[PDB]
Amino acid sequence: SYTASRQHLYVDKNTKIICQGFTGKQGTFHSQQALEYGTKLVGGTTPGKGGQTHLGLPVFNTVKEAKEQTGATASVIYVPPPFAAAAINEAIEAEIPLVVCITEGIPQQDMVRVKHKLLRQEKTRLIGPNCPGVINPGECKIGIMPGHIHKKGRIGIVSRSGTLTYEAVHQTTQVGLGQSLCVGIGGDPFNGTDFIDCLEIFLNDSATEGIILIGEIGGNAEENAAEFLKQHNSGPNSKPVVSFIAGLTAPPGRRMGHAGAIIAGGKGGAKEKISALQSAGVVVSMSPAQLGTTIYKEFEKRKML
Amino acid sequence: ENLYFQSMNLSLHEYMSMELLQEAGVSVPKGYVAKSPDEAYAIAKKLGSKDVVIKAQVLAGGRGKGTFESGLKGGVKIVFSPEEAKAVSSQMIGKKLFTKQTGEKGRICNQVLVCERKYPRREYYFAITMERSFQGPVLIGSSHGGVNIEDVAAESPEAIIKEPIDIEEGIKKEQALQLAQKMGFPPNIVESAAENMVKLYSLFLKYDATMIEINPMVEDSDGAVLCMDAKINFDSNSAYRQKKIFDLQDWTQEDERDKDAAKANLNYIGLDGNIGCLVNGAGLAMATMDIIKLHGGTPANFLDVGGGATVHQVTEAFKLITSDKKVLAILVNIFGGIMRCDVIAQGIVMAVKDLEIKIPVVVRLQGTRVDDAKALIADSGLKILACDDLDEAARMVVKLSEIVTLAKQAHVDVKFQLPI
Amino acid sequence: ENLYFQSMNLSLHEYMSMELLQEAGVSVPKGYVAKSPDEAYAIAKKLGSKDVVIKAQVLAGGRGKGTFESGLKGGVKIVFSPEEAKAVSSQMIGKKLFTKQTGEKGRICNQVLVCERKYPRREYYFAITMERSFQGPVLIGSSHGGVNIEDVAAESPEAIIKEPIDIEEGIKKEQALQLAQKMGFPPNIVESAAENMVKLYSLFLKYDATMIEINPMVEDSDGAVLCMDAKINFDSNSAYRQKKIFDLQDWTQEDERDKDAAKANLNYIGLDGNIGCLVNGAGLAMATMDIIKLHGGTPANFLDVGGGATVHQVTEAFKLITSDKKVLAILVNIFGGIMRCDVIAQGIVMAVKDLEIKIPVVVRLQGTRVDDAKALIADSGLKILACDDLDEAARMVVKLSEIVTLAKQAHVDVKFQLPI
Ligand SMILES: CC(C)(COP(=O)(O)OP(=O)(O)OC[C@H]1O[C@@H](n2cnc3c(N)ncnc32)[C@H](O)[C@@H]1OP(=O)(O)O)[C@@H](O)C(=O)NCCC(=O)NCCS
């Protein structure tokens with residue numbers, strides 16, 4: 001199944017990266033930032049403007065040409081939301097080992113079309129859309145993330161909201177526990193990555209001793225993560241995990257319509273989420289201001305420091 | 001619960017969705033729109049001058065329990081002569097509907113829907129909805145229409161039939177017959193149900209919809225199943241390629257601040273507090289709300305500037321928070337990332353200089369440009385109260401809100417500056 | 001509120017009143033009674049094997065909100081085939097209905113009513129009721145049927161038309177047309193409404209009824225107004241000359257103690273307390289309840305022996321109070337008058353001697369024979385605890401109830417006697 005690409009998440013310091021939509025404003029700026037950080041960017045792709053040299057690196061008309069000219073093993077996407085679905089289809093067709101798309105505003109139907117053929121293939125893993133990116137601290141950052149607060153350590157952070165992902169990154173760096181892998185799966189309901197993949201990549205990795213799990217109200221991915229951690233992270237030899245639930249105190253909602261809202265869902269996104277989190281042995285924080293202190297307290301309680 | 005914070009999905013008035021179903025060929029009761037009692041009279045006499053139903057076109061959770069300023073119960077009425085139709089319409093059009101969702105800031109009923117009244121024999125609920133569990137569209141059907149569906153779904157999960165659909169191969173008529181026969185359709189009108197579901201799915205795929213709820217799909221007293229309600233929740237992201245649907249958006253149903261925010265691609269969330277904010281990303285917005293509520297405060301109306309917004313966007317943002325008078329202390333809590341922090345520093349400089357923002361701006365700026373932002377803040381030389389810890393920022397802003405509301409009581413003026 | 005204490009007016013099952021309307025010529029949907037699923041099948045296939053309604057024949061305030069032991073919601077169901085009619089009837093007949101009025105002692109649904117399902121166009125409420133304000137029968141009519149009528153009557157008193165009738169001259173058809181046209185009938189079916197009201201008034205005068213409520217009287221989709229519900233509250237006093245109606249009284253809907261009390265002309269009122277009583281007249285019954293509740297007690301089940309009852313009546317009374325086990329201390333509080341107190345003294349003597357009444361009988365006897373009653377009590381030489389002050393009697397009986405329930409806890413036995 002497509003799940004066989006789970007191990008593609010953990011990029012190392014030898015991961016060659018291309019950037020589709022190179023000439024785009026955000027594309028150019030964050031390509032500059034990634035090159036400054038040390039990301040092994042090896043070129044970009046722009047339709048109708050490729051075949052040239054920009055930023056000192058080649059640009060091609062298609063991901064086919066970039067793959068056959070450089071053999072890059074991952075791609076990032078900054079094309080406009082109208083054309084993002086076609087770019088992701090082209091990236092998946094080119095057999096890119098890891099494709100991450102950052103764009104926000106993708107129509108749901110086009111993302112359905114993308115996700116279906118993604119699930120009918122086993123050799124490509126997608127991160128996004130509406131995601132911050134994926135980073136291996138000190139080795140390689142991909143997407144949109146402030147690498148100037150990242151240090152290699154023993155914390156694995158996966159979260160939906162990219163901005164709160166950054167907040168957790170900073171609050172783990174402040175206490176000095178470092179970071180092992182930080183992934184934003186993205187809040188969009190139709191995304192290429194979910195909680196289960198990141199959690200089990202973190203569990204079977206020796207470099208990570210503590211997992212950070214920030215989720216928001218709405219949906220049921222947190223319940224699936226809680227069930228997974230109950231199944232595979234219980235009893236002895238279970239690395240501690242700390243979770244936050246953004247929106248614990250919030251207005252009830254809008255309650256526009258029935259069906260897809262509550263009928264076929266797990267009616268989650270409320271005070272019952274945190275209960276599923278304690279029931280799975282996950283330590284929860286009551287405020288987004290003490291995640292780093294909470295994980296430090298969990299390490300010192302079990303005496304890993 | 002639900003989403004609320006992230007995006008306000010476009011909900012059309014009933015008559016627009018009814019027209020959309022009409023043009024798609026879906027079997028539907030005859031319906032028209034009335035803006036004044038005169039054409040209400042004309043349509044009532046056109047439909048037979050008897051057995052007519054009048055519906056209010058107000059976007060709210062409560063429509064049959066609401067109250068008008070004129071003193072009428074509910075948004076639906078059953079009239080039997082065009083004269084009483086005019087009489088009741090005169091108490092709807094131009095009137096303000098009070099429902100529990102609005103509380104006191106009720107929306108105004110601009111138009112009404114005039115329809116023929118048909119007697120249903122059986123009441124089915126039906127819904128084509130995009131969903132992540134089945135990785136695509138899902139046809140949900142049940143024989144408990146006309147009644148709230150969550151209760152029967154929770155108490156009797158078996159009665160709610162759910163069938164997924166493969167998008168690349170489309171929908172197959174055999175699937176529609178299967179759904180109709182599993183709901184319990186009469187064996188003589190199953191073909192009509194299948195045709196209606198096929199047309200509804202074609203409409204669902206065409207207009208970039210997200211959830212088409214027909215509740216209740218009812219068989220008439222003479223066959224030829226007719227849809228009664230046609231709730232449609234669309235996709236916010238589909239604005240670029242669905243121009244016809246999104247142009248017909250009704251803007252009277254939201255505050256003018258909401259309209260102004262949408263004019264510049266800024267998410268806006270009003271509340272009942274007195275601490276304004278300006279947050280990058282919904283997640284940190286809920287984080288800021290939770291941390292403020294921890295310290296005894298309550299956010300007033302906070303925004304979301306998205307990613308890559310220009311300086312004019314944040315200038316309009318600050319104009320928008322300062323427009324409300326219930327705000328006392330404003331915190332800009334933007335962490336870096338896609339949204340280049342230096343443009344926000346420039347925006348705060350310009351907006352405080354221009355609009356004379358005398359309220360304590362408890363800034364907290366980080367990410368991908370900290371040197372430029374802090375350097376610009378220091379160069380501008382204002383009361384831009386810098387902070388760099390989330391908990392400390394929340395503590396400071398809550399205390400500043402209390403100080404401001406206390407000094408207003410004392411009838412004295414204060415000025416806030418960083419400790420030397 | 002209401003009467004409750006004074007008399008339990010005969011309420012028939014729905015099908016009996018429907019039959020009574022049928023024999024009177026009132027326009028009425030076709031209906032039949034089913035005692036088993038077999039004849040339910042037969043009637044369903046007789047009416048067309050489709051579009052059938054099933055109603056539960058249970059005498060309770062809540063019938064659409066009640067619950068069966070089998071786990072079905074409400075007492076009304078809409079079936080479309082005789083097979084599912086049998087299936088649902090198998091979950092009604094022989095089953096116990098749980099409503100809020102019963103709480104836990106629900107009545108059992110013995111039969112069901114199978115009727116044709118008709119689509120109403122307009123819903124009118126109508127009621128012929130005897131009343132003291134208009135010194136006779138009153139025709140009440142409104143156009144708010146199908147919904148609870150007290151709310152609209154209180155909020156909109158004008159909408160409830162009330163017209164009195166002169167009994168000696170009878171009812172006049174012109175009055176019926178006036179009522180129909182003031183409610184707002186269509187001008188083509190007013191004659192049918194007048195005929196229906198005339199027939200209903202003839203039934204009202206014939207069967208010695210007290211209140212005939214048709215809610216809702218509904219025009220059909222093809223004219224020919226048809227009554228849906230036909231609630232009839234009769235007159236208790238009319239038992240002597242209305243034999244047919246009162247013989248059809250259903251006795252399963254009340255406790256066997258109630259049936260036994262009615263067999264001897266004794267009013268019975270059960271409660272949730274633990275101090276039995278035996279009171280002459282309803283007024284002193286409420287007085288005794290109030291005075292017991294003043295002293296912290298609560299009456300358990302108290303009676304009303306009427307006037308001129310024989311000694312056997314009060315013997316059966318004491319048997320009836322002692323039948324319940326929740327009673328602890330019994331007070332006979334009869335003041336004199338029509339009920340000759342000496343026969344009650346004889347009755348207490350006989351009943352305590354026979355049934356071995358070991359519970360403290362706090363008697364309080366007065367009126368028109370005090371010498372004979374007290375002399376008989378003293379001659380019998382028992383634990384018949386005499387008292388002669390109402391407040392003192394209530395104090396004594398409440399304290400004795402507490403003593404009895406305390407000694408039961410202590411697992412010790414006590415005997416009560418007058419102070420020397
Ligand atoms: C991703 C995003 C930055 C791209 O738009 P932008 O950079 O603002 O604007 P651009 O016009 O540069 O983006 C499209 C660029 O890709 C090029 N392009 C066209 N087709 C393309 C394709 N199929 N694949 C890649 N690039 C393509 C365009 O020519 C353009 O380059 P140009 O500017 O030199 O002409 C923007 O859509 C965005 O806002 N980001 C995604 C959502 C968001 O708000 N940010 C991240 C959320 S966490």
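Start at 1 and count along the chain as shown; that gives each residue its number.
We read in the header that electron microscopy, 3.7 Å was used to get this structure.
Using N, Cα and C of the backbone, Cβ positions are placed for all residues, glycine too.
According to the PDB entry, the features are:
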SEQADV    B:1-8  expression tag
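Noted in Swiss-Prot for the protein shown:
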DOMAIN    B:18-245  domain 'ATP-grasp'
MOD_RES   B:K35  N6-acetyllysine
MOD_RES   B:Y41  phosphotyrosine
MOD_RES   B:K45  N6-succinyllysine
MOD_RES   B:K45  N6-acetyllysine
MOD_RES   B:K86  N6-acetyllysine
MOD_RES   B:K96  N6-acetyllysine
MOD_RES   B:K100  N6-acetyllysine
MOD_RES   B:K173  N6-acetyllysine
MOD_RES   B:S236  phosphoserine
BINDING   B:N280, B:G337, B:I338, B:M339  substrate binding site
MOD_RES   B:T298  phosphothreonine
MOD_RES   B:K325  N6-acetyllysine
Same-chain residues near the expression tag (B:1-8), Cβ under 8 Å, at least 6 residues beyond its ends: 236, 254, 258, 267, 269, 282, 285-286
Protein Cβ atoms within 10 Å of B:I338 (substrate binding site), excluding its own: 25
Chain A, Cβ under 8 Å: which of the recorded positions B:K35, B:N280, B:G337 qualify: B:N280, B:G337
Contacting recorded positions for ligand 1, chosen from B:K86, B:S236, B:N280, B:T298, B:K325, B:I338 when the Cβ sits under 6 angstroms of any of its atoms: B:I338
Chain-internal residues, separated by at least six, CB under 8 A from B:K173 (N6-acetyllysine): B:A194, B:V198
Most distant Cα pair in Å, residues B:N280, B:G337, B:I338, B:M339 binding substrate: 9
Nearest recorded site to B:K35 (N6-acetyllysine) by CA-CA distance, among recorded positions B:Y41, B:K45, B:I338: B:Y41
Using Cα positions only, nearest of the modified residues to B:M339 (substrate binding site) (B:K45, B:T298, B:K325): B:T298
Recorded positions (B:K86, B:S236, B:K325, B:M339) in Cβ proximity to chain C, threshold under 8 Å: none
Cα separation, B:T298 (phosphothreonine) to B:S236 (phosphoserine) (Å, whole number): 28
Fewest other Cβ within 10 angstroms of its own Cβ, chosen from the modified residues B:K35, B:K86, B:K100, B:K325: B:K325
Inter-residue C-alpha distance, B:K325 (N6-acetyllysine) and B:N280 (substrate binding site) (nearest angstrom): 23
Cα-nearest neighbour of the residue listed as 'phosphotyrosine' within the listed recorded positions, B:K86, B:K100, B:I338: B:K86
For the recorded positions B:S236, B:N280, B:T298, the one whose C-beta sees the most other C-beta atoms within 10 angstroms: B:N280
Entry from the recorded positions list B:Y41, B:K96, B:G337, B:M339 having the most other CB atoms no farther than 10 A: B:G337
Cβ atoms near the residue listed as 'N6-succinyllysine' (within 10 Å, other residues, all chains): 15
In three-state DSSP terms, the structure that B:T298 (phosphothreonine) belongs to: coil
